[PDB]
């Protein structure tokens, strides 16, 4: 495919899920070969693993004293839409959570796609690789297309389920929201996070119930989101990816680990 970018400036705004603070986005179009980079306080931060400063319950980036929290969703969509050259201006400290999924971005970015005369130089996974971290494991091998599978071993009623994304199936995961278990909320708030969380932006699961009155969108909405997450994380390799990934009980932390140990192979 050819490198892409937005037709014109696009903006989004809302509360950040962790900071609980308001922030605004302004996606700027960029010349070819530019790449994805955020812009905060006159400082450009590249959507590349080198600038990852936090992978707890979000993937945060930073440079020269400027930090942006939760870039996974915005990046994931840009990765799905194969938008390669743009500048994400952030007026705050974290990309807005919106409805908890990548739906709003997708729906708006998709419209304003602008083709360009330059064949995308994809990041190809050249050979098998694995990464562990206590039960948690991710396996990535070579593939003609982008294919990602996530398998969960949920302690609650969800049980063991897994989902698989393949090119042409974006609309199947850009709608999955963010989730957390109830035995998953005190801790988060205590370590100073989720200040913006609510049933309107987050999907809360009980030991065997769903708090949100709106129920689950998909039987396996959680697993889907995790796949969405991984994709966006993977975009930190600096360009659309092409490989076959298997993630069992993954998380941003391990996600990044892979990415780093996957680029450290000068690939």
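Superpose the two forms; the largest set of C-alphas matching within 1.5 Å is the rigid core. Numbering follows the first chain given and starts at 1.
Participant: Between 180 to 188 and 163 to 171, pick out the one whose C-alpha positions differ more from the shown form in 6 other deposited structures of this protein, using the rigid core for superposition.
Facilitator: Higher root mean square deviation of C-alphas in 6 other deposited structures of this protein is shown by 180 to 188.
Participant: Is the mean CA B factor in the deposited entry higher across 13 to 21 or across 254 to 262?
Facilitator: Mean CA B-factor is higher for 254 to 262.
Participant: Quick one: say whether 28 to 36 or 62 to 70 has the higher mean Cα B-factor in the deposited entry.
Facilitator: The deposited B-factors put 28 to 36 ahead on the C-alpha mean.
Participant: Which has the highest CA B-factor per the PDB entry: 165, 123, 157, 179?
Facilitator: Each of 165, 123, 157, 179 was compared by C-alpha B-factor; the highest is 123.
Participant: Between 119, 94, 82, 99, which carries the biggest CA temperature factor in the record?
Facilitator: Spelled out: the listed residue with the top C-alpha B-factor is 119.
Participant: How does the C-alpha B factor of residue 229 compare with the rest of the chain: lowest, middle or highest third?
Facilitator: For residue 229, whose C-alpha B-factor we compare with every modelled residue in the chain, the answer is the lowest third.
Participant: Which third, lowest, middle or highest, does the CA B-factor of residue 76 fall in along this chain?
Facilitator: Its C-alpha B-factor, which the entry lists for residue 76, ranks in the lowest third among residues of this chain.
Participant: Relative to the other modelled residues of the same chain, rank the CA B-factor of residue 175 and answer lowest, middle or highest third.
Facilitator: Its C-alpha B-factor, which the entry lists for residue 175, ranks in the middle third among residues of this chain.
Participant: Relative to the other modelled residues of the same chain, rank the CA B-factor of residue 196 and answer lowest, middle or highest third.
Facilitator: CA B-factor rank for residue 196: lowest third.
Participant: Grab the CA temperature factor for residue 221 from the record and place it in the lowest, middle or highest third of its chain.
Facilitator: Answer is lowest: the recorded C-alpha B-factor places it there.
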